[PDB]
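> Would you mind keeping the following structure in view while I ask a few things?
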Amino acid sequence: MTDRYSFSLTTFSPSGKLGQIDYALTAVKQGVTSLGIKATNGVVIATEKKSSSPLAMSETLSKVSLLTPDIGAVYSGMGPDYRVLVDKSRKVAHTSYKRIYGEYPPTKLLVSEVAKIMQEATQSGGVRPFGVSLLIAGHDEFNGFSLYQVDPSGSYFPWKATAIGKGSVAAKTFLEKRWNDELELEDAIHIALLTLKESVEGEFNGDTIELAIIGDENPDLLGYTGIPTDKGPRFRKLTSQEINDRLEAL
Amino acid sequence: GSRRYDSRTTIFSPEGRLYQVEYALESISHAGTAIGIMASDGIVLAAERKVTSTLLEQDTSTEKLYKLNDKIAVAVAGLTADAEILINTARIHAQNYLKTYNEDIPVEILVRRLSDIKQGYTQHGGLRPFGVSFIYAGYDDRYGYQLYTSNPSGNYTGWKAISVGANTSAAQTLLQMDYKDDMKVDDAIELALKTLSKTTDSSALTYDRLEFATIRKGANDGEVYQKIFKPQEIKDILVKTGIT
Amino acid sequence: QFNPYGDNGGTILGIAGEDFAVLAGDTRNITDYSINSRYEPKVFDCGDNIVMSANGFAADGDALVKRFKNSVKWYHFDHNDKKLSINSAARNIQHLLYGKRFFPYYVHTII
Amino acid sequence: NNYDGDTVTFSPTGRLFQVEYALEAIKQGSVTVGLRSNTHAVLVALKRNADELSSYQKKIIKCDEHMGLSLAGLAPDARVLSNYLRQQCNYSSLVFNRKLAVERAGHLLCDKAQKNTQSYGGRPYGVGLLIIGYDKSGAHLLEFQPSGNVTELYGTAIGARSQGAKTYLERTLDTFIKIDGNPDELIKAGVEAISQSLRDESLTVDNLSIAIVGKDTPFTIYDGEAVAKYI
Amino acid sequence: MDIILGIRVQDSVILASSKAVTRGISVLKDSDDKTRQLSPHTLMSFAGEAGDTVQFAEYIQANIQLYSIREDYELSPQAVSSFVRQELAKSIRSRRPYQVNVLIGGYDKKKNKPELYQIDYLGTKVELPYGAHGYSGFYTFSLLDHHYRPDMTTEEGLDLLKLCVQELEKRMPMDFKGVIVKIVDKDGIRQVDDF
Amino acid sequence: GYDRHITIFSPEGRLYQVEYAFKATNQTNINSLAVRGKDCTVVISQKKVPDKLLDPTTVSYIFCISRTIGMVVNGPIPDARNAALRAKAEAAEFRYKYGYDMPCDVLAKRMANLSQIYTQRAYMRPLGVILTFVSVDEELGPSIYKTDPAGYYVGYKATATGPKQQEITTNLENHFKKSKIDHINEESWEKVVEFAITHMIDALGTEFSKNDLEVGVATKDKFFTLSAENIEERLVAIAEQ
Amino acid sequence: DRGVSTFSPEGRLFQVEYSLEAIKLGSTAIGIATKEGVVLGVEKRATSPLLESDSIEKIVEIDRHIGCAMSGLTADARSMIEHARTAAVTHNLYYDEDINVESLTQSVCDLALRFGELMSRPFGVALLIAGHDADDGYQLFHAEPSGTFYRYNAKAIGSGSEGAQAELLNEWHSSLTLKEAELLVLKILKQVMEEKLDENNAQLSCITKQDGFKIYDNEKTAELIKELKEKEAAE
Amino acid sequence: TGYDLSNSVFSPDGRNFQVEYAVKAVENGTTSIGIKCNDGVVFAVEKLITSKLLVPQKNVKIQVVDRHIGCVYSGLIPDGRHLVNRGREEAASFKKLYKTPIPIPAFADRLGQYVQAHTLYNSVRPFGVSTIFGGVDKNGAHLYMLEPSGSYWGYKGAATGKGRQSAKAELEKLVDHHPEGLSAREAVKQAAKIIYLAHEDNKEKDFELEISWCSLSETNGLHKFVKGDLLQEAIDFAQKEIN
Amino acid sequence: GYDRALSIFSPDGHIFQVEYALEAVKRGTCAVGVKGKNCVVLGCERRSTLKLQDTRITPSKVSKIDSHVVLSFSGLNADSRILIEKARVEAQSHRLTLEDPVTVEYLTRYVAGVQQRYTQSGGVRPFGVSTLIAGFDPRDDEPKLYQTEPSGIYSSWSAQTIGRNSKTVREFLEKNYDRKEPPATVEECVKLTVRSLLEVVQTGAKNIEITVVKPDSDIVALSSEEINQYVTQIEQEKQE
Ligand SMILES: [Cl-]
């Protein structure tokens with residue numbers, strides 16, 4: 001018994017390709033479209049909620065996840081792989097940062113830790129790479145707002161705006177025409193909803209769309225008062241009703 | 001058992017070559033070119049970003065050029081994720097030396113240890129090698145300014161001027177042509193940019209597809225300064241040499 | 001606090017002649033001021049014409065004799081039934097005793 | 001064919017080929033015989049040399065004062081297994097002051113051999129053993145196969161051409177089982193048994209190996225001039 | 001063990017170390033050299049627990065010599081002293097700590113300056129113009145506070161050292177059987193034979 | 001083609017071992033169904049005992065994981081019992097560590113995470129089972145959560161699993177289109193069990209005796225299975241209407 | 001590929017059988033046992049004339065009463081010799097006596113099958129172990145990577161073994177003197193060797209009760225070579 | 001293909017061919033049965049007499065676990081012994097912690113989980129035995145049969161080996177003809193008959209019969225072997241029925 | 001831990017991984033050792049497809065193991081660092097316990113033992129390196145030259161070469177080296193070493209390295225001009 005697979009399952013082919021990483025990116029291509037747009041005073045991340053059955057309650061399945069009070073994540077590819085990555089990402093923000101410095105990590109460094117975890121699945125013994133690409137949006141005092149993409153290889157890139165998954169090629173082109181460096185958060189939400197309608201086929205409402213923002217601090221979502229320096233989470237998930245309000249003036 | 005699925009990453013070919021090392025070098029030859037040039041009064045590091053998109057955030061970005069300590073930096077060619085694993089090890093190693101001896105680590109010592117780690121992945125453990133080649137640029141009070149390169153085999157060598165990644169064959173011929181020993185930093189800056197401009201697979205070399213850095217003694221008296229160039233500073237240096 | 005040692009009394013005596021040797025010992029076994037047994041032998045035939053006694057703390061004495069008897073058995077198994085000479089037995093017993101240098105067998109041994 | 005790479009693989013008909021190949025090593029081994037009465041148990045073994053300049057490979061090993069075995073196949077594997085038996089017999093004496101029952105000795109060997117047939121990396125033992133002994137329930141003879149199967153018998157034989165002696169003993173069953181209180185006659189029957197497995201070669205003085213254990217007899221081995229009596 | 005002293009002057013570092021090895025009521029030896037050369041321009045004297053001292057000294061010597069062969073280069077006195085301090089700082093929280101006190105005298109060839117470091121068994125390092133370990137300091141520090149000048153010659157340093165040994169031979173309870181004196185300068189390490 | 005033997009990616013980004021574990025799910029040829037009431041959650045499954053020599057009382061694919069949580073399995077019994085023992089242990093540890101009963105959805109996530117690991121780690125095969133967890137959660141109310149060999153999980157208004165699952169699924173969809181609500185608007189669990197059996201009969205097109213079915217019911221503070229006579233009592237009530 | 005401890009269909013271990021082929025490629029080693037002593041001789045076989053032949057060490061001391069000769073992948077023998085020496089000295093420490101030659105040989109052979117998936121492969125070298133003890137007198141053993149050892153009156157191993165063994169079958173008798181054995185090893189080595197035998201490319205050694213294990217000088221062997229050539233011409 | 005070369009690999013059907021191959025080894029073995037009765041269980045097995053040289057009554061195949069459970073198996077005999085050794089360890093630790101002797105359903109799952117574990121990795125081989133076992137606990141009598149996959153159920157009657165179909169048919173008649181129940185002493189007799197009837201599928205070599213039982217009234221809830229007068233009586237009953 | 005037996009026997013009795021490691025040595029740059037009456041000289045080829053090199057900082061081909069012993073090699077450069085490091089550590093460890101520096105034979109025996117261990121250990125491949133080890137024993141003036149190879153075998157040589165085209169330079173040394181009269185001086189020994197490399201090298205410019213070891217820790221490396229004088233002198237005598 002015991003894990004006898006102590007050798008790499010991802011290796012270089014004669015042409016120089018890393019097969020399993022390439023094949024993981026192929027799995028991401030098949031995945032449902034998700035996107036992110038960076039505004040001057042915030043960031044928006046969005047995706048379609050592909051329901052597996054109409055008897056399924058799609059509210060119980062969250063594709064957009066809070067990592068820290070100021071950082072959120074969305075994905076394209078394999079859902080189960082994403083779920084465990086969120087668990088690991090939430091924990092590493094504490095163990096390797098909050099428990100040392102008494103504050104949450106800046107976006108770039110949390111992203112860096114998630115990338116490390118995904119790189120190790122590319123080299124360690126007896127494991128396949130993760131079959132997901134992540135989009136991580138967040139804010140921190142000294143860097144402001146930022147948006148990052150993390151690929152199965154472990155590579156990450158900062159973006160003004162981008163899309164991943166099914167119809168990413170068309171969605172990226174749409175975002176290039178609309179993005180400028182003076183966009184206000186509400187303008188970015190509007191463009192996010194427009195871009196997503198192109199890749200969605202069936203119903204397009206607040207129950208089939210999942211959307212969250214990184215914006216102003218929310219004191220009403222803190223849960224307590226009395227400490228002036230603690231002002232609340234910048235991450236907020238838009239409600240089903242809040243989405244439909246914006247779909248009328250579309 | 002599991003023998004069936006073992007690639008045997010650390011074996012010899014009948015010709016006495018290491019399959020996985022050779023294939024990793026083949027991977028690196030498709031990565032963006034990076035150039036290092038050593039002058040008498042400093043060192044230049046120049047690298048080409050891999051085909052950029054207009055919506056990429058260029059200023060808050062780092063892909064090619066990384067700081068190891070205040071006196072040493074590296075240019076990367078290969079898988080970035082693999083490189084960051086090695087960079088963090090190198091950063092820690094530098095601090096271990098400083099803690100032990102109360103002196104900044106000599107460049108070669110850091111290069112040797114990082115190269116020794118790479119070597120290990122080719123002899124034991126059954127894991128794939130790191131698909132990365134480094135250009136090391138640094139200063140110490142023994143040898144002064146130094147350029148090194150290491151590759152997946154764990155072999156390292158010293159250089160006056162060198163390139164890694166794509167089109168090294170063409171790049172090396174061009175550097176060999178115009179390099180001379182009494183060269184100054186500002187001349188080396190020009191040579192680095194001119195070489196990338198001629199070897200690039202792109203239509204034209206622009207500020208948004210480059211990372212640039214210098215290591216000079218151009219601080220105030222007998223001390224060394226690392227300058228990682230900002231986007232606007234690359235835009236200016238590209239105009240100053242008349243490439244754009 | 002638990003004391004792992006005790007004293008079971010008794011005494012032993014060995015004399016050697018030209019073509020013989022004797023190993024004697026009394027048969028009384030005690031703790032404090034009480035008699036445990038009037039006849040409890042502590043001189044043993046260990047094979048290969050070797051007789052042995054380990055006198056002091058009887059639990060350690062019995063353990064040592066038990067281990068040496070076993071050592072003779074394995075000496076035969078490993079070296080083609082060769083007879084264990086008295087000098088070789090002595091050296092072997094040294095290693096048995098010194099092996100517990102930092103938690104000693106509380107006995108005086110004679111063969 | 002495609003299912004004989006290791007012990008951990010079953011064939012489509014439910015066979016373990018590595019275990020069967022281990023069984024084959026026994027068939028190439030020199031013949032050895034075992035038989036018993038109600039008072040004694042006897043091993044007889046034909047020893048094999050490399051050439052006329054070499055010694056004759058010893059086939060019989062003592063395990064305790066009351067137990068021992070003979071071997072056919074890979075000799076180093078017999079050394080490992082006999083050593084294990086020596087320890088188990090010994091543990092029983094030191095801890096319980098009890099002579100290990102010949103039946104338990106069989107059960108212990110079965111379970112040690114089995115573990116090597118169900119895990120990756122290992123291999124089956126490549127040797128067969130005939131264990132004789134005298135315990136609290138009288139004389140015994142066991143046959144060990146490296147498949148794990150252990151069997152108690154009145155008499156048997158393993159090795160090359162063992163079928164001749166095995167047939168003979170099957171005929172002689174009623175005679176030799178009642179050779180009680182007579183060692184030399186029980187051996188004579190065993191020496192006649194092993195003679196049914198000889199071809200072109202006959203039993204010489206540095207060729208024959210005999211062992212005996214019984215009611216008032218410790219396990220002892222006879223070689224050289226001590227077996228001249230029986231030729 | 002017992003007496004080890006050190007004086008840094010203009011151009012050299014001078015180390016003096018007692019020659020006696022005493023166990024019980026017997027002086028077993030009167031010519032013991034309580035020092036090891038770590039590198040051509042670095043010397044270390046030592047005092048403390050029996051066995052521990054030489055074992056530690058030789059362990060450090062091996063490590064510095066290993067470094068020298070690997071890099072084809074000599075570590076600075078500052079670098080060597082920091083390595084030694086860290087080894088003792090590790091040691092103090094081990095199951096059985098090294099009970100050894102050391103002085104390190106070296107000549108930095110890059111700076112062209114003599115350097116003297118005092119390090120105790122806890123790993124407490126200080127750079128000093130003059131140093132001592134054990135009860136010696138209770139006499140020599142005040143003496144050197146009075147007579148020492150920073151610009152002295154090697155000869156002046158030796159006379160200053162004679163004054164210290166004389167005071168110790170007058171007021172110390174134990175017979176330490178004199179000292180072996182060694183000089184560390186630009187030309188390396190040499191021993192004064194007539195002291 | 002060793003990429004089909006262990007859980008590594010194929011050129012088209014697929015995991016064949018996971019896909020084949022899904023096909024093992026139907027090896028028993030049994031269909032299961034779960035619905036929610038106002039106060040309860042009912043799960044039913046077919047019970048096929050072909051051999052006359054079997055003790056029918058020991059043939060079951062429904063498991064009591066905790067006092068509050070029940071689980072029905074679609075797939076071979078060895079893997080089914082493996083999953084059940086782990087779930088029981090996990091639910092027990094949760095209560096000891098965190099001081100309250102493990103919710104149905106949290107246990108589902110945990111078992112789904114374990115399943116995910118087998119899809120990523122090579123030495124462990126996936127279990128060829130689909131696990132349906134049911135309870136009346138003290139916060140969320142009546143709950144149905146389902147796990148598969150891919151490591152996927154989600155909550156359901158109602159659900160079905162097995163070879164003829166699609167027929168049962170659409171049958172349930174068509175009812176909830178009509179009723180316009182998320183559950184069975186019924187007071188007693190007895191009638192919710194009756195609804196479940198009625199709609200399984202319609203979708204599968206077969207009649208059931210008392211020994212052809214298996215029923216588990218979750219109410220506030222307990223999950224329990226029904227006896228043959230409890231089901232017979234329920235079958236009689238359907239027939240007399 | 002396939003497991004390292006795999007059986008062939010004929011009931012043999014692949015890796016053990018393949019290591020036996022490596023030993024057939026090795027240089028010749030011969031041993032002869034007499035009542036006056038045991039002689040060990042080897043072919044040095046230098047790969048080039050520039051190689052200093054006296055650095056070729058294929059005969060080796062284990063203890064004063066035990067010596068050893070090797071053939072095959074000779075680098076593999078170092079840890080076997082290291083184990084043998086430790087076993088011999090350790091036994092003397094534990095029992096204040098000399099260890100029997102057979103017990104030494106059995107200890108070395110215990111290392112042999114300690115390979116698998118312990119070391120990664122069997123040894124690729126065979127050993128001739130020669131010695132003396134009080135119980136069984138002068139002895140010669142052939143130790144293989146299978147874990148098996150045979151006692152021999154005489155034995156040859158290496159490339160010229162099957163031809164040399166057939167010669168040893170005819171020449172050996174139970175009354176050979178030590179001098180007769182020395183000449184016989186030289187004679188048979190000269191027959192199977194490629195290059196012409198002399199004191200530089202062959203080496204002799206012996207073990208006697210009185211003087212223990214001794215490797216002969218090149219001067220001493222040269223005279224035995226001259227004595228051998230003269231005796232063959234003399235009839 | 002190649003899906004059948006490694007344990008724990010799913011075929012495109014969703015099958016583990018290595019387990020199915022282990023079942024072939026079980027089908028090759030001798031016949032063994034189990035009969036559940038009024039207040040207990042009865043076990044029996046066929047022992048092929050390969051040669052005259054086999055000592056009668058001295059190669060025992062039925063095994064006891066704890067003091068109240070009996071186990072018999074068909075297939076690779078060593079594999080069965082490994083499973084019983086584990087069963088004994090499992091039963092000992094249960095009694096250690098909980099004081100009471102291990103219940104039969106509890107014991108059944110201990111063996112089941114252990115056998116199932118040997119279908120999870122390619123570094124182990126599945127068990128080459130089907131095991132019939134059972135006994136008496138606080139809730140009465142229980143009979144079980146466990147297969148190489150780890151699958152087990154409770155049984156009124158059970159059979160495995162080369163003559164399993166013959167034995168199954170004979171078991172089904174007893175279940176139909178005795179709805180109220182079979183007595184322990186009757187079940188011993190019937191077990192003998194069924195082994196003799198199942199021997200028709202293995203009739204080259206003649207055989208030796210071996211029976212054991214656990215009964216609340218007849219053996220006081222403990223596992224015992226059937227010997228002497230009760231065994232010969234059961235043999236004679238069987239001999240009368242074949243003629 | 002990764003366990004795979006990578007070095008195993010083949011049907012014909014060869015260990016292919018060890019034999020393929022020898023091919024890596026054959027690919028490496030040529031290295032030669034020649035010992036005189038009172039010295040040993042180590043010569044090494046450096047390939048000239050690499051211009052723009054920095055020779056101050058680039059790893060030298062001959063390494064000091066201790067102040068009295070040196071090591072050169074042919075094969076994989078990265079592999080050789082691991083052997084050199086282990087050797088240097090053993091050198092200091094020997095001085096510590098024996099209170100005497102290593103003999104050249106002992107240091108060679110250790111390095112060869114390490115190489116052998118990597119031929120029958122699980123999870124590792126053999127070293128793609130053969131070494132020449134030269135020096136003088138403590139308080140001894142007799143020159144020592146040893147050679148090791150991937151299998152683990154080692155031996156002493158009057159003169160030897162390893163690496164690419166080593167068979168050509170071995171041929172040269174076999175007819176030009178007299179055992180009865182080794183190069184009597186330092187000059188004679190360096191010249192014979194340079195001559196032997198000139199059979200294979202190309203230009204005698206920055207392609208040849210020469211290191212001279214004399215008794216009592218007297219080791220020095222020659223510069224370009226010093227070596228170039230030997231090259232110039234040899235060519236003028238050749239035109240005859
Ligand atoms: Cl989890």
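Within each chain, counting starts at residue 1; across the structure tokens, chains are named A, B, ... in the order shown, with ligands numbered 1 upward in that order.
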Distance limit 10 Å, reference ligand 1, atoms considered: only C-alpha atoms and all ligand atoms. Which residues make the cut? Give them as a short mmCIF file (atom, residue, chain, number, x, y, z; two decimals) with N, CA, C and O atoms, in the first residue's frame.

```
data_model
loop_
_atom_site.label_atom_id
_atom_site.label_comp_id
_atom_site.auth_asym_id
_atom_site.auth_seq_id
_atom_site.Cartn_x
_atom_site.Cartn_y
_atom_site.Cartn_z
N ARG A 83 -13.27 24.70 -5.82
CA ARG A 83 -13.78 24.69 -4.44
C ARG A 83 -12.67 24.43 -3.43
O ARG A 83 -12.56 25.15 -2.43
N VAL A 84 -11.84 23.41 -3.68
CA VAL A 84 -10.73 23.08 -2.77
C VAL A 84 -9.62 24.14 -2.81
O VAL A 84 -8.94 24.36 -1.81
N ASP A 87 -10.78 26.86 -0.44
CA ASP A 87 -10.50 26.41 0.93
C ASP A 87 -9.03 26.65 1.29
O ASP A 87 -8.73 27.27 2.31
N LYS A 88 -8.13 26.17 0.44
CA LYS A 88 -6.68 26.32 0.64
C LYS A 88 -6.24 27.79 0.62
O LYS A 88 -5.37 28.18 1.40
N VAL F 106 -22.82 20.73 4.86
CA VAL F 106 -21.41 20.77 5.23
C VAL F 106 -20.78 19.38 5.09
O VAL F 106 -19.66 19.24 4.60
N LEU F 107 -21.50 18.35 5.53
CA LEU F 107 -21.08 16.96 5.33
C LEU F 107 -20.96 16.64 3.84
O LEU F 107 -20.03 15.96 3.41
N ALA F 108 -21.92 17.14 3.05
CA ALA F 108 -21.89 16.97 1.60
C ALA F 108 -20.63 17.58 1.00
O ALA F 108 -19.96 16.94 0.18
N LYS F 109 -20.31 18.81 1.39
CA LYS F 109 -19.10 19.50 0.92
C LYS F 109 -17.85 18.70 1.28
O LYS F 109 -16.96 18.52 0.44
N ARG F 110 -17.79 18.21 2.52
CA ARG F 110 -16.64 17.46 3.01
C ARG F 110 -16.42 16.16 2.23
O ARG F 110 -15.30 15.85 1.82
N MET F 111 -17.50 15.40 2.01
CA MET F 111 -17.42 14.16 1.24
C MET F 111 -17.10 14.45 -0.23
O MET F 111 -16.41 13.66 -0.89
N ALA F 112 -17.59 15.58 -0.74
CA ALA F 112 -17.26 16.03 -2.09
C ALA F 112 -15.78 16.41 -2.22
O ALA F 112 -15.16 16.14 -3.25
N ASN F 113 -15.23 17.04 -1.18
CA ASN F 113 -13.80 17.37 -1.15
C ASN F 113 -12.92 16.12 -1.16
O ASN F 113 -11.92 16.07 -1.87
N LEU F 114 -13.30 15.12 -0.38
CA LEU F 114 -12.61 13.82 -0.39
C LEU F 114 -12.65 13.19 -1.77
O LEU F 114 -11.63 12.67 -2.25
N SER F 115 -13.81 13.23 -2.42
CA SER F 115 -13.96 12.69 -3.78
C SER F 115 -13.07 13.44 -4.78
O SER F 115 -12.45 12.82 -5.64
N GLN F 116 -13.01 14.76 -4.65
CA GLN F 116 -12.14 15.60 -5.49
C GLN F 116 -10.69 15.15 -5.41
O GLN F 116 -10.00 15.06 -6.43
N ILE F 117 -10.22 14.86 -4.20
CA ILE F 117 -8.83 14.41 -4.00
C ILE F 117 -8.51 13.16 -4.82
O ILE F 117 -7.42 13.06 -5.38
#
```
> Within 6 Å of chain B, which residues belong to chain A? Use only C-alpha atoms and report them as JSON, numbers by chain.
{"A": [7, 8, 11, 12, 14, 16, 119, 154, 155, 158, 159, 160, 161]}
> Could you pull out the residues in range 46-232 of chain G that DSSP calls strand (DSSP E or B) from the backbone, as an NGL selection string?
:G and (51 or 59-63 or 66-72 or 115 or 119 or 125-133 or 137-143 or 149-152 or 154-157 or 202-208 or 212-215)
> Pull out every residue of chain D sitting within 6 Å of chain G, counting only C-alpha atoms, and send them as a PyMOL selection string.
chain D and resi 5+21-22+24-25+53-55+76+121+123
> Output N, CA and C atoms of each residue in that selection to a file, as a PDB file, in the first residue's frame.

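Output file out-v4.pdb follows:
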```pdb
ATOM      1  N   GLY D   5       4.005 -10.164 -14.763  1.00  0.00           N
ATOM      2  CA  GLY D   5       4.996  -9.136 -14.446  1.00  0.00           C
ATOM      3  C   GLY D   5       5.287  -9.006 -12.960  1.00  0.00           C
ATOM      4  N   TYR D  21       5.612 -19.614 -10.980  1.00  0.00           N
ATOM      5  CA  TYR D  21       7.020 -19.626 -11.375  1.00  0.00           C
ATOM      6  C   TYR D  21       7.923 -19.937 -10.182  1.00  0.00           C
ATOM      7  N   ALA D  22       7.531 -19.475  -8.995  1.00  0.00           N
ATOM      8  CA  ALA D  22       8.232 -19.833  -7.760  1.00  0.00           C
ATOM      9  C   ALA D  22       8.118 -21.336  -7.500  1.00  0.00           C
ATOM     10  N   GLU D  24       7.903 -23.531  -9.705  1.00  0.00           N
ATOM     11  CA  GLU D  24       8.743 -24.190 -10.705  1.00  0.00           C
ATOM     12  C   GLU D  24      10.189 -24.365 -10.226  1.00  0.00           C
ATOM     13  N   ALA D  25      10.687 -23.415  -9.436  1.00  0.00           N
ATOM     14  CA  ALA D  25      12.040 -23.496  -8.870  1.00  0.00           C
ATOM     15  C   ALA D  25      12.215 -24.705  -7.950  1.00  0.00           C
ATOM     16  N   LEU D  53      34.902 -31.164  -7.788  1.00  0.00           N
ATOM     17  CA  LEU D  53      35.766 -30.382  -6.902  1.00  0.00           C
ATOM     18  C   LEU D  53      34.989 -29.698  -5.771  1.00  0.00           C
ATOM     19  N   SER D  54      33.661 -29.633  -5.890  1.00  0.00           N
ATOM     20  CA  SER D  54      32.831 -28.876  -4.942  1.00  0.00           C
ATOM     21  C   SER D  54      32.224 -29.734  -3.835  1.00  0.00           C
ATOM     22  N   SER D  55      31.736 -29.063  -2.795  1.00  0.00           N
ATOM     23  CA  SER D  55      30.979 -29.711  -1.725  1.00  0.00           C
ATOM     24  C   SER D  55      29.553 -29.994  -2.188  1.00  0.00           C
ATOM     25  N   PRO D  76      18.870 -19.750  -0.205  1.00  0.00           N
ATOM     26  CA  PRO D  76      18.817 -18.548   0.639  1.00  0.00           C
ATOM     27  C   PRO D  76      17.421 -18.257   1.206  1.00  0.00           C
ATOM     28  N   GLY D 121       6.067  -4.877  -5.257  1.00  0.00           N
ATOM     29  CA  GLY D 121       7.495  -4.765  -4.950  1.00  0.00           C
ATOM     30  C   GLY D 121       8.136  -6.058  -4.478  1.00  0.00           C
ATOM     31  N   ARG D 123       8.368 -10.392  -3.795  1.00  0.00           N
ATOM     32  CA  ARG D 123       8.281 -11.602  -4.610  1.00  0.00           C
ATOM     33  C   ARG D 123       7.944 -12.796  -3.721  1.00  0.00           C
TER      34      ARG D 123
END
```
> Using only C-alpha atoms, which chain H residues lie at most 10 Å away from chain F, written as number ranges by chain?
H: 1-16, 35, 105, 109, 112-117, 119-123, 142-145, 147-159, 168-169, 171-176
> Determine, counting only C-alpha atoms, which protein, DNA and RNA residues have an atom within 12 Å of an atom of residue 89 in chain A; residues of the same chain fewer than 3 positions away are not included. Present the result as number ranges by chain.
A: 65-68, 71-73, 82-86, 92-97, 105, 107, 109-118, 134, 136
> Write out as a PyMOL selection string every residue belonging to chain G that has an atom at most 10 Å from any atom of chain C, counting only C-alpha atoms.
chain G and resi 91-97+99-104+106-107+135
> Would you mind exporting C-alpha atoms of the selected residues as a CSV table (one decimal), in the first residue's frame?

```csv
chain,number,residue,atom,x,y,z
G,91,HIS,CA,33.0,-11.5,16.1
G,92,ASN,CA,36.4,-11.3,17.6
G,93,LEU,CA,35.2,-8.4,19.9
G,94,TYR,CA,32.1,-10.3,21.0
G,95,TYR,CA,33.7,-13.8,21.4
G,96,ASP,CA,37.5,-13.3,21.9
G,97,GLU,CA,38.3,-15.8,19.1
G,99,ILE,CA,35.4,-16.4,13.3
G,100,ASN,CA,35.0,-19.6,11.2
G,101,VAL,CA,35.6,-19.3,7.4
G,102,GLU,CA,32.1,-20.7,6.7
G,103,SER,CA,30.4,-18.3,9.1
G,104,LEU,CA,32.2,-15.4,7.4
G,106,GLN,CA,27.5,-17.0,5.1
G,107,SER,CA,27.5,-13.4,6.5
G,135,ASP,CA,37.6,-26.9,13.4
```
> Would you pick out the contacts of residue 201 in chain H at 9 Å or less, using only C-alpha atoms, so that residues sharing its chain but fewer than 5 positions from it are not included, and give the list as JSON, numbers by chain?
{"H": [162, 163, 166]}
> Report, in Å to a single decimal, how far apart CA of residue 93 in chain D and CA of residue 61 in chain C are.
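Value for the CA of residue 61 in chain C-CA of residue 93 in chain D distance: 18.1 Å.
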> Please, which residues of range 84-176 of chain E, numbered as in this document, come out alpha helix (DSSP H) from DSSP, as a VMD selection string?
chain E and resid 84 to 91 137 to 147 154 to 171
> Would you work out the distance separating CA of residue 108 in chain D from CA of residue 26 in chain H, expressed in Å to one decimal?
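These atoms are spaced 23.3 Å apart.
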> Only residues of chain I matter here; which ones have an atom within 7 Å of chain G, counting only C-alpha atoms? Give them as a list in words.
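That gives residues 3, 4, 5, 8, 9, 10, 11, 12, 13, 14, 116, 120, 121, 122, 151, 152, 153, 155, 156, 157, 158, 159 and 174 of chain I for chain I.
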> What's the 10 Å shell around range 176-185 of chain D, counting only C-alpha atoms, without same-chain residues fewer than 2 positions away, as JSON, numbers by chain?
{"D": [35, 36, 37, 38, 39, 40, 41, 42, 154, 155, 169, 171, 172, 173, 174, 187, 188, 189, 190, 191, 212, 213, 214, 215, 216, 217, 229, 230]}
